[PDB]
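Beneath this line is the structure, given in C-alpha cells, with notes to follow.
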Amino acid sequence: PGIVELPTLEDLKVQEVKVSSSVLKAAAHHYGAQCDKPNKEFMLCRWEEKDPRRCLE
Amino acid sequence: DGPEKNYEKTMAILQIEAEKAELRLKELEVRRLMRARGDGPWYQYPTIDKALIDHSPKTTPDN
C-alpha cells in the first residue's frame, strides 16, 4: 500500500566531520556553547517532524 | 356483581397482556440488533483507556 519516498544520494552529500570521538569529546563543551543555535534548531525540527527526510537542511 | 365489572376487568387485563407481549418482542429485537452492531449502551465490551498514553519527548524523535 503506497510507495516510500527516499531522497537521492546527491541530497545526502555533505562535507563530513572526519575527527575521531576523543577529539569531539575534548572540545564538546565549547562546541555545545558556541554552535548551540543550529543544533537546537535541528533537534527541535527532528522532534517535531518525527521524520528524518524532513530535516536534511 | 354485574356483568360490566367482569367485562371491563377482562378488557383491562387484555390490554396489559398485549402491551407486555409487544414489549417483549421489541426487547428481543433490540437485544439482537444491539449485540450484532454494538452501537448501543448494551454489550459495550471494554477497550484500552487512552488516558494512559504518555505524551512527552521519548529520548528518540521517531517515538
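Here are some notes:
- Highest-fluctuation residue, B:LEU23, B:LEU52, B:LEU33 considered, GNM on chain B with Cα pairs under 10 Å: B:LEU52
- Label zone of A:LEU56 (point 7 Å out along Cα→Cβ, amide N under 12 Å): in segment A:1-17 this covers A:5-14.
- The phi torsions of segment B:38-49, fed into the Karplus equation with coefficients 6.51, -1.76 and 1.60 and a -60° offset, translate into couplings of x, 9, x, x, 6, 6, 9, 5, x, 10, 6, 5 Hz, rounded to whole numbers, with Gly and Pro shown as x.
- Under 21 Å from the Cα of B:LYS9 - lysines, other chains or at least 8 residues apart: B:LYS20
- Panel values: the protein assembly as shown, Kirkwood radius from alpha carbon pairs, Stokes-Einstein at 37 °C and 0.692 mPa s, translational diffusion coefficient 141 µm²/s.
- Computed Kirkwood radius, in angstrom, where 1/r is averaged over Cα pairs of chain A: 14.0
Please note: Cβ atoms are built from the backbone with ideal geometry, for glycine as well, and neighbour counts cover all protein chains shown. Here, each number is a calculation from the coordinates, and none is a lab measurement.
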